[PDB]
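**Q** Need coordinates for the following:
(3 chains, ligands or ions: 4)
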Amino acid sequence: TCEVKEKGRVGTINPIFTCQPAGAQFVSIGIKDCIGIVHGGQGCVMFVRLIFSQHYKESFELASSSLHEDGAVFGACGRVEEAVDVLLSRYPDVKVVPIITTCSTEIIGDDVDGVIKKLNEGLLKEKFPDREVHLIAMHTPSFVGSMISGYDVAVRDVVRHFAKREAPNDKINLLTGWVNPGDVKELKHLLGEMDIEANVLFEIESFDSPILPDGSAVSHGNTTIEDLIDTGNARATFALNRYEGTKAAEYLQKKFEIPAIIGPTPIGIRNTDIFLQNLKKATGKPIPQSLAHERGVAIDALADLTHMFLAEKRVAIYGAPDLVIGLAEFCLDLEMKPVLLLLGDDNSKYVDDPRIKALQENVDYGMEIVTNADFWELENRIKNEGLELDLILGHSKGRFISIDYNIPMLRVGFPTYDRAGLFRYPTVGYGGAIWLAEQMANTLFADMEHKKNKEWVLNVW
Amino acid sequence: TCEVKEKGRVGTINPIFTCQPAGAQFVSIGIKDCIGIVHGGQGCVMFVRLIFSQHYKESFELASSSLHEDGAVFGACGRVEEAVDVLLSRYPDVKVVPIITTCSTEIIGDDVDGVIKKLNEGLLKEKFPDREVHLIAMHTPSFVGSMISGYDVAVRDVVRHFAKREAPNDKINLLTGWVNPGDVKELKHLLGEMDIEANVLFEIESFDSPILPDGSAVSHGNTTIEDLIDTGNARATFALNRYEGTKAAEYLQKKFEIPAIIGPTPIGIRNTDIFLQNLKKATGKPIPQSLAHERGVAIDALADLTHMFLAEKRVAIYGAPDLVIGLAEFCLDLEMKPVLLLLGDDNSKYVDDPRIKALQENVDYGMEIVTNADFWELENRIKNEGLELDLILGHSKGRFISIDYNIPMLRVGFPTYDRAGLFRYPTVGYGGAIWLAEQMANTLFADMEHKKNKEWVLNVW
Amino acid sequence: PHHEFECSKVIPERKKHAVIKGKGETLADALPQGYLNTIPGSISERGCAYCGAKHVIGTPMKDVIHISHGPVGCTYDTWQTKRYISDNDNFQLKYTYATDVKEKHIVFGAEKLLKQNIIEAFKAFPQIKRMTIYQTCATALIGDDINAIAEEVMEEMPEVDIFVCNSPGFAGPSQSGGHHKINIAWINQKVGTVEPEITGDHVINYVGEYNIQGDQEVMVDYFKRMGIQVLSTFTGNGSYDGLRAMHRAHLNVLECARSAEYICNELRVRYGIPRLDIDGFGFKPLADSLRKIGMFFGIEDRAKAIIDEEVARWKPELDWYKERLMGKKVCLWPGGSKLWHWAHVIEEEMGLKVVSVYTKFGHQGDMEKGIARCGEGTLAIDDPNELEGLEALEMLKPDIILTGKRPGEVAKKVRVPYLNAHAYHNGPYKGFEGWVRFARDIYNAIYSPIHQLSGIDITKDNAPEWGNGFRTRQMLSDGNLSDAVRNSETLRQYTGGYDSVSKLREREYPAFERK
Ligand code: CLF
Ligand code: CLF
Ligand SMILES: [Mg+2]
Ligand SMILES: [Mg+2]
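**A** Numbers count the residues shown, from 1 in each chain, chains lettered A, B, ... in the order given. Ligands and ions are numbered 1, 2, ... in the order given. Here you go, the structure:
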């Protein structure tokens, strides 16, 4: 049966995620003309910019308040004030400036809402009166939740800041979740075929930036102030990822009565079907033949693989909880046996997830879902408790388990730095169902050749 | 230096290609309402339908004339006559019917042009007067050339039969060459961006066919009779693959004065640049900024890999000669060292390929190009003459060399049956440049992990 | 009675090749035609006689350079399309040879070319001292004397032995003529030419077994657990020189009668070796087969020990599948022998209803066995073409077919799942364990949640309102099971690992005491 249990150890060995501020920084890099300031020590931002570099091989703009010894003793609201001044004074185009707290500035208790109000009435009116500048508090203490909850918080804070319901319209708010450019592309394709306009939070396709002959391009997000304000006017909010867009979706529900459709994460055929059904329901638009065709093209790809190769494969999955769960679900439709799911933070709401209730009702073999997990929860099981696996699905930080215990691994989630180009491919939708199934197969195939495990069978499947 | 030399052995050990009829059959399956009849023994068609099944996991419709002993002694035109009747009588929608010769029927000297004359004036007028039916002889003896030259022959036979110049237009003829659906999609993207209309020989995207809820779909080509007639009306013929499109392009140049632009195969950034420049020249259409942006996006991906990982990698390449040569050129732009190219048939014109003369002029490391090659030309060099390789690029029939000599291999060309979904991705254009370079990297990366060869370095590239 | 297809009304000769087993009908009432010429343009499933000789029977021999005398196409087209494995590191899969006959050889012949090829091949493969040369359409027609050239090389090189198979594609209507040709060439040219070392009181030839995914290794496991010397396997995992000593066997154990009855029949006439026909598939047919071989050698207790152990190990897993498969419809659509090997036992032991069987190249003898073994109502077809297969799918509406790869991909489009009857899915399928693997693959194909998904039209306003983002195979299969079955403490899903054969290769066998 499928047993949900909390990690036993109190400590962390080999972490799956980083802290809430990293999630707020990720939200912020997805907004046009946005540069967050991370209020804390320099590493809290510089290390996170490296994370994003590791995934994308691009540099994104984020600043530090540069906390030092004095501010840690006496308070550091002045460090923020100077930061805002220095940032605005040197970056003329910036219009959005999140103020993102860290463990330090939360503990020492700096009044961020206070110092923002001061700058709005003060500095911004005096020195910068001709400029649009939105300062936004993001309270993201590192000693609760994770980058995942930080993301949820930040999306709420940006929508809370900007959303107004002046001119109701028929658009939806699509909160993609923390996904790849290839996911944004896929989701936009689905919306286009449904003929449904949306505010897409976030438009990060432009993270894949060119080298132009005139050296003029840069990676940036394209979610605009206008789009964020327009979130108040939508007829519904589709928050695909419950752990990354519940707060913003419910905020708009509670504040403007915009209905929130939370999940399921559209991973796999069946979950993509539910998305399209939910769009129809919300908007009244019919599901067109063209998507039934693309769906069937996807199913064809899956048919070639499922009972021949994927059936009964033993899978471990980790990463963002919505990804983990979505993948587990799709794997079961692919006849596979996900046997260990790691959910690598303290969220108390996993046990209440309907998708996890369904797994508990319906799974009929030995499965574990470990909450507050770390990578030692997987490695210890392999090394000392005889867990047998055919495949891992997760991000690159788990890689040494794959490498050193000879279990092949498909790179999914964030960050994926030990493979090239993965951000351009979908994991959601019908296109993503194709990509996941074919790449799991291709991963298994390479492994069968490595180990000489019936490698000769790959001829007339 | 780069030396072109002919295989020493007279015999074949582990063949790279099959025979001419296979190529004619491939041309045939890309035409709407086409079912070719392969005139010879039953294996000449059934085995080839299996090759196509191996690549696409789809069934295509091709028939046999079912040569038995009688025909081998007395001649077998009667079998063709009966095959045409039985086919048309049971397939009411067929409109194009190639008659594809084999070793047997060439040897026994059956007059296929004559038997087509007879059916046109006889059976087709008497039994099928209200139907359009095009019978097209394709002379494809298996004891010369290969499936590559057979493809070349067939494209000419089909264009010769249909092309008329009764309504000149500003379209081009795009002869893709023997490519994947992903390449068709890519090339049509470029044309769309260039604002150029084309007759695309061949429209094989519909090879990737759905399972629909009513079970109504089938894999098929979409190059129509109308398209093939209109090849006579074009302002230019783009034959990307010299060894697969020269005959057809030159036929139209001589018959209808349509200028023929033969190659280069658009693999890599530079070859794609040349294609777009050649299209500008021949149509007067300018190269838009959109394609410059897309180009720079592809260059960015390459920039992340080239000097860190691809540089000086020793590569061997086999498959269709145009693919082999295009890949070698791109590899050199990626700072790699292709040290062995296999060209696996008797074509006497390789030594005159200008792309090959450029390689001879400009390479000064040790590099061999082997003509009339087979796979033992590769295996023998590894096994018994100390050839060191970092990487192989080739189709799935070479796989056991990769597997048994522990050299990693990117699957390119035809057929690629030991991996899933490869036909949906491009090898040509800027999209193809990305795909090739990132998949070569990912191949190298998995190999580094398998061998524990500085696998720890894949963190902050 | 005979059956006509809508799609073949225009070619009424086809009506003779199909029968529905009618109420109270016997084999004397109706039987399809078989082993006739093919109808041109029909899109018949058939291959050539080179296929039958070289691709099916010849190439499995594990210690042999398999060289096709002809243009490269015949060779390319038969390379890396088969799953006959061997314990000679799959030499027979990894290495293939073609003479690469060109235009200049059409006028003047290709005898020198043939010879140069043979020398080149022995040079490149110094560990291999055996060779079979297969004739193709082109070399038959140009008239090279292959036998002479082989003799010529055997004179010059007394360390090598070369076999000649003159079975070009056009030599007959199908695979079948190739079967006959290579059987008779082998016994004429080669049997009797090697005296074997005998290592046991009980010696068999295992005949008509090609070791698809390890089938032969499964069966030879059982034989060795009985202290039987397997002198020869014709030809799966077989040794060229082993097969030259077939004349010394005590018993010919024949599985694939279609492909290898010819050589068993001549081995009886020439050497008085008796022919015993067996089934390699299913618990009862296999138990019976092994019991008989045991009795024959007076070692029936050893057979019974294997049978009891194997059935105890695996029956609780076979029966898990049987419960979920009961009443599901299946078409047994291989090329040959498998249709009658499976016809009865698959219904009995897996719960399937056989609604059709076909043979591409089989004789009337194969339809005798097939009709004899299936139930009334069953549609039996000789030399099917594509349209007929498609029409049978619409008319019979089977839950699964067992068929070739590309035929399976035709069925895929019309929402009929397949297993590869020929190459298997997760083979091997012979043996007690194999039978369970077989069942599991069928179960996984029928109850695939992707298959369930594919039948849903998402444009439809009253569509299934999905709840969870998954359905397990068990959620699709177990809904109407009795509680006794659902809660069984004995019935379980398959417990074997991905590769059921590699364990066999690392196994020691208890020796027995010779008289
Ligand atoms: S300057 Fe350096 S990296 Fe920063 S916190 Fe301080 S020691 Fe550490 Fe740590 S948990 Fe996260 S990353 Fe920060 S907000 Fe706190
Ligand atoms: S029925 Fe069979 S497979 Fe056909 S030729 Fe004849 S023996 Fe061979 Fe060979 S080289 Fe190609 S595939 Fe043919 S056209 Fe000739
Ligand atoms: Mg980049
Ligand atoms: Mg397909």
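**Q** burial count for residue A:386?
**A** Using other C-beta atoms under 10 Å in any protein chain shown, residue A:386 is surrounded by 7 other residues. For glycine as for every other residue, the C-beta is placed from the backbone atoms N, C-alpha and C.
**Q** hmm, I was thinking of residue C:192
**A** Going by other C-beta under 10 Å, the residues that sit close to residue C:192 add up to 15.
**Q** again with residue C:271
**A** Residue C:271 has 15 neighbours, counted by other C-beta under 10 Å.
**Q** Tell me who's in contact with the nearest residue to residue A:93 once chain neighbours are set aside.
**A** Beyond its immediate neighbours in the sequence, the residue positioned closest to residue A:93 (C-beta to C-beta, 6 or more residues apart in numbering or on different chains) is residue A:33, lying 5.7 Å away. Contacts for residue A:33 (C-beta atoms under 8 Å, 6 or more residues apart in numbering or on different chains) come out as A:93-96, A:224-225.
**Q** One more pass at 6 Å, please.
**A** A:93-95 (C-beta atoms under 6 Å, 6 or more residues apart in numbering or on different chains).
**Q** any idea how far it lies from residue A:97?
**A** 10 Å (C-beta to C-beta, to the nearest Å).
**Q** Same question for residue C:254.
**A** Taken as C-beta to C-beta, the span from residue C:254 to residue A:97 is 85 Å.
**Q** just residue A:83 next, same as before
**A** Residue A:83 is 9 Å from residue A:97, by C-beta to C-beta.
**Q** okay, these two: which has more neighbours?
**A** Between residue A:83 and residue A:97, counting by other C-beta under 10 Å, residue A:97 is the more crowded of the two (24 against 20).
**Q** Name the nearest residue to that one, sequence neighbours excluded.
**A** residue A:135 (5.3 Å).
**Q** quick one: the closest residue to residue C:273 other than its chain neighbours and residue C:176, what's the gap?
**A** Excluding the flanking residues, the one nearest residue C:273 by C-beta to C-beta, 6+ apart is residue C:267, at 4.7 Å. Distance of residue C:267 to residue C:176, given as C-beta to C-beta: 20 Å.
**Q** How about residue A:195?
**A** Distance, residue A:195 to residue C:176, by C-beta to C-beta: 59 Å.
**Q** Which one of these two is surrounded by more residues?
**A** Under the neighbour definition other C-beta under 10 Å, residue A:195 and residue C:176 were set side by side, and residue C:176 has more, 24 against 10.
**Q** Contacts only, for residue 332.
**A** Just so you know, I chose chain A. C:470, C:472.
**Q** not quite, I wanted chain C
**A** C:339, C:342, C:357, C:402.
**Q** for the residues you listed, which one is nearest residue C:203?
**A** Nearest to residue C:203, judged by C-beta to C-beta, of the contacts of residue C:332 is residue C:342 at 29.5 Å.
**Q** ok, and what's touching stretch C:478-488?
**A** residue C:323.
**Q** residues near the closest residue in space to residue C:385 that isn't next to it in sequence, how many?
**A** Leaving out its chain neighbours, the residue that sits closest to residue C:385 by C-beta to C-beta, 6+ apart is residue C:42, at 4.2 Å. Number of residues near residue C:42 (other C-beta under 10 Å) recorded here: 26.
**Q** Also residue C:502?
**A** 14.
**Q** What is the nearest of the contacts of residue C:332 to chain B?
**A** residue C:402 (16.5 Å; C-beta to the nearest C-beta).
**Q** tell me, what residue is most central in the chain?
**A** If you meant another chain, say so; for now it's chain A. residue A:178 (2.0 Å; C-alpha atoms, centre = their mean).
**Q** wait, I meant chain C there
**A** Nearest to chain C centroid, counting by C-alpha atoms, centre = their mean: residue C:422, 5.7 Å.
**Q** check contacts around that residue.
**A** residue C:404 are the contacts of residue C:422 under C-beta under 6 Å, 6+ apart.
**Q** Likewise for residue A:427?
**A** Counting by C-beta under 6 Å, 6+ apart, the residues that residue A:427 touches are A:412, A:436.
**Q** Alright, calling it a day.
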